[PDB]
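Structure first, commentary second.
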Ligand SMILES: Cc1cn([C@H]2C[C@H](OP(=O)(O)O)[C@@H](COP(=O)(O)O)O2)c(=O)[nH]c1=O
Ligand SMILES: [Ca+2]
């Protein structure tokens, strides 16, 4: 897999973000995660955490997997990195997301995120509390 440049346009919500990628505005949906909605418990905190992570980054990168790169809504499907730290993994590690939406061929970092979820769960963090 390869990391590619992008720039923040706007944080959106818990697990989507609007990035400029190859010069074009796109909404990205984070691979391999599911989050609470804004009006559910831990939704605001997921949203805030994603927002902070992307807004505070000096370098955003986009890493596509081996499979589908856009979903049925036109959202890009990637692993997103903020100063080298994976946002998808960070949300899971903090118990603000669960591993989810694991489709075959777009699952290179599954076991990495499952490990993260396991540690968040052990720690009883947030959604696991
Ligand atoms: C994360 C992800 C979501 N999706 C689709 C499946 C879900 O369809 P439905 O809308 O029909 O449920 C939806 C969940 O996204 P959200 O969790 O952002 O709603 O996005 C993919 O197709 N591939 C993916 O990798
Ligand atoms: Ca949502």
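Residue positions begin at 1 at the first shown residue.
Any Cβ shown, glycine's included, is placed from N, Cα and C.
Per Swiss-Prot, these features apply:
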BINDING   15, 34, 35  Ca(2+) binding site
ACT_SITE  29  active site
ACT_SITE  37  active site
ACT_SITE  75  active site
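Projection of Swiss-Prot feature records onto the structure.
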residue: 15; record: Ca(2+) binding site; DSSP (3 states): coil
residue: 29; record: active site; DSSP (3 states): strand
residue: 34; record: Ca(2+) binding site; DSSP (3 states): strand
residue: 75; record: active site; DSSP (3 states): coil
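On a Cα basis, residue 75 (active site) lies 15 Å away from residue 34 (Ca(2+) binding site). For the recorded positions 15, 37, the ranking by surrounding Cβ atoms (within 10 Å, all protein chains) places 15 first. Counting only same-chain residues at least 6 apart in sequence, those with a Cβ under 8 Å from the Cβ of residue 35 (Ca(2+) binding site) are 14, 15, 42, 43, 46, 91, 96, 97, 98. Listed in sequence order, the recorded positions among 29, 34, 37 whose CB lies under 6 angstroms from an atom of ligand 2 come out as 37. The active-site residues under consideration are 29, 75. Their Cβ neighbour counts within 10 Å are lowest for 75. Note on residue 34 (Ca(2+) binding site): other Cβ atoms within 10 Å of its Cβ, all shown chains, come to 14. Listed in chain order, the extra residues whose Cβ falls within 8 Å of the Cβ center of the Ca(2+) site residues 15, 34, 35 are 14, 30, 33, 36, 46, 91, 97, 98, 100. Residue 29 (active site) sits 6 Å from residue 75 (active site), taking the C-alpha atoms as the reference points. Checking the recorded positions 29, 35, 75 against ligand 1, the ones with a C-beta less than 6 Å from an atom of that molecule are 29. Annotated pair residue 37 (active site) and residue 75 (active site), C-alpha to C-alpha distance, rounded: 17 Å.
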